[PDB]
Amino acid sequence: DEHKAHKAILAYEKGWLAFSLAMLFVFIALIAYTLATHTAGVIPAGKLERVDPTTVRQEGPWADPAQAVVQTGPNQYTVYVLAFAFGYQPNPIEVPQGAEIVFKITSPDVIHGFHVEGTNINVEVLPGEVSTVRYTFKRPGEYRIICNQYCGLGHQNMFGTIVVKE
């Protein structure tokens, strides 16, 4: 009874442990797939790109928000975004649909989030470093940027805008 119960429990546990391992292995394989597709562009470039948050608004590509959108390829734009307390520049960001957009986001003050509502773009923005991510907007219109990292009392009201043109 006890001796039997214990053999039966242990035998089925092994089955369960094998199934659970499998399911987990499948997820690993389903994640590796995402890594192979265009949707992986939202993964940060894990390359270090130091900048000086104290002069970032005076000299360099973040100093003139009206020139932050640069065509860097036949169908590619790079955007120099500044996430700061409590907003984003440029406002709005204006990109064409169907074009690959390389966002290069950094902060003058504290850490902010860069979360583009409706999309997978969701990246911490660290002062002193440049966050690099890529996205192609497939539908035109107005996307909201939300700051999802606590940045002080102005946090809940920190929003930005992306306008994707036809």
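All residue numbers are counted from 1 along the displayed sequence.
- The mean C-alpha temperature factor is higher for 71-79 when 71-79 and 86-94 are set side by side.
- When the C-alpha B-factors of 148-156 and 14-22 are averaged, 14-22 comes out higher.
- Taking only the listed residues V130, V102, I121, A40, the entry reports the highest CA temperature factor at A40.
- Based on the entry's C-alpha B-factors, the most elevated value among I28, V56, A66, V125 belongs to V56.
- Among all modelled residues in this chain, the alpha-carbon of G113 has a temperature factor (C-alpha) in the lowest third.
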